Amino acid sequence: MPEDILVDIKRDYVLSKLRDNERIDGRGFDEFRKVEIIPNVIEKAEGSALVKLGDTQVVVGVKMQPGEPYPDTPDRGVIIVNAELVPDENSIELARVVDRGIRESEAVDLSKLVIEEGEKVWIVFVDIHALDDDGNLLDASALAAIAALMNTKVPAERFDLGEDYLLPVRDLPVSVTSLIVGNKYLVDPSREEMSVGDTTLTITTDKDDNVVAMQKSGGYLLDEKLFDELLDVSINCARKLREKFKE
């Protein structure tokens, strides 16, 4: 409540500029801030990645160990995603989205992580750790999680399943989160821009540009007109971010 005073004035500013068709830092309404992906940042981890989205920082680590195959899928691997935003409800929504995008795009062939039909199956733990929250930890974590899985090494030797091999990854889930303000949208909102409210839309695309997951959040009404425009711009934005994994 005492923090709100500074934020509210920051809100007036972001709106003062929105009326004049601009953002605080000069970006375009569909422009992400500089993205930096750094894999293998946690050696003891089977896979890992640090992603920087503007000043926003997040690190994802992956751990693999055998064990529990779900009763309904005793022949399908397992992927668990968790996040820590050092509230709970948010940290939970963040983990679920990242997970949905990985799950629905089938980025990781869960059938290949089988070891013993319904007895032992590889279990992939994806843990998201936020370091610096400067806005849109969601996209950063999504970029970091897929980047981490792509740079993951199955710990076969350490156990008894033979030679170690890279985790078979077949898709590249990416998500664009936009801050909706009235009938205007702002892709990749910064912490400052969020001072307007927590009204956002998140679209997740796969290799082929198929929408794999969508999530609208906040106490706001989403104009269907804007949603259509944002649906297009978003698939585009995800594609351009996807070529950041190429080089």
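Numbering starts at 1 and follows the sequence shown.
Q: Quick one: classify how much of the deposited chain lacks coordinates between residue 86 and residue 87, choosing none, 1 to 3, 4 to 9, or 10 or more.
A: Going from residue 86 to residue 87, the model skips 10 or more residues of the deposited sequence.
Q: Going by the B-factors listed in the PDB entry, is the mean over the C-alpha atoms higher for 115-123 or for 96-104?
A: It is 115-123 that shows the higher mean C-alpha B-factor.
Q: Which of the two stretches, 25-33 or 60-68, shows the higher mean Cα temperature factor in the record?
A: Between 60-68 and 25-33, it is 60-68 that shows the higher mean C-alpha B-factor.
Q: Would you mind checking which of 48, 204, 195, 183 has the top Cα temperature factor in the PDB entry?
A: Among 48, 204, 195, 183, the highest C-alpha B-factor in the entry belongs to 183.
Q: Out of 110, 140, 130, 146, whose C-alpha atom has the biggest B factor in the entry?
A: Spelled out: the listed residue with the top C-alpha B-factor is 110.
Q: Which third of the chain does residue 154 land in by C-alpha B-factor: lowest, middle or highest?
A: Top third by C-alpha B-factor.
Q: By its CA B factor, does residue 52 count among the lowest, middle or highest third of the modelled residues in the chain?
A: Tercile = lowest for this residue's CA B-factor.
Q: Looking at the C-alpha B-factor of residue 191, is it in the lowest, middle or highest third of its chain?
A: It falls in the middle third of the chain.
Q: Where does the C-alpha B-factor of residue 175 rank in its chain, lowest, middle or highest third?
A: Bottom third by C-alpha B-factor.
Q: Determine, from the deposited record, the chain-internal third of the Cα B-factor for residue 90: lowest, middle or highest.
A: Residue 90: CA B-factor falls in the highest third of its chain.
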